[PDB]
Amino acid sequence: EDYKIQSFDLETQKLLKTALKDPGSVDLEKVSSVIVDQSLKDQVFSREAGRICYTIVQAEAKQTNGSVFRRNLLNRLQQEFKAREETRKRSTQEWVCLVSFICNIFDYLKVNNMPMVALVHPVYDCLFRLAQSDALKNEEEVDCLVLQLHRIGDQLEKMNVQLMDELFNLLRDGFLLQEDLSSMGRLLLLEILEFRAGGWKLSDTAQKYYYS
């Protein structure tokens, strides 16, 4: 019901609501474009845009059996994904938005009730970037990293265990060895180590220790 589009221009709200009911009536290319655009600019939308993207994807399959919108969306994302490093340089905020959005898409947009394998390596590419020592020193990126691991970390591991394992080695490494990792960064990494080791769930006692 709530797709979280309040950040949008009033005209565009109408465009998006229209696409949900009658995809065929709107420019799905311009619709995917305004969604990716906004997703890189607003944090709440970046973590929630998957809902509306899924609704539209389903609406088009129902109405015309087409997957044009899915296709414009994936290809526009792939382009932002290819330019991830440049975007990170320009704005850490935009970059964490990109990662949150890609990962939200991986969570929401399925393909015959299965995850898109097209996004498995690109998500790991993103999380491995966050696990680097130049990224870990920024609580903003660590926050981003553990958000994705909380939300889709489990699904990701099923697709590829080898990558998850090597990723978490970087997390232990940063944890023990890095010195400009902050207190918050340390609390965030330690919680996620416990979180995975417990089978991607938060224990009652951990809940008490880490969170208000």
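For every residue, the number given is its place in the sequence shown, counted from 1.
When the mean C-alpha temperature factors of 29-37 and 149-157 are read from the deposited coordinates, 29-37 comes out higher. Comparing 111-119 with 72-80, the higher mean C-alpha B-factor in the PDB entry belongs to 111-119. You'll see in the entry that, of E48, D165, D173, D143, the Cα B factor peaks at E48. Of all the options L202, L15, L188, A197, the entry's greatest CA B-factor is assigned to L15. Sort the chain's modelled residues by C-alpha temperature factor and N65 lands in the highest third, per the entry. Among the modelled residues of the chain, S183 sits in the middle third by CA temperature factor in this PDB entry.
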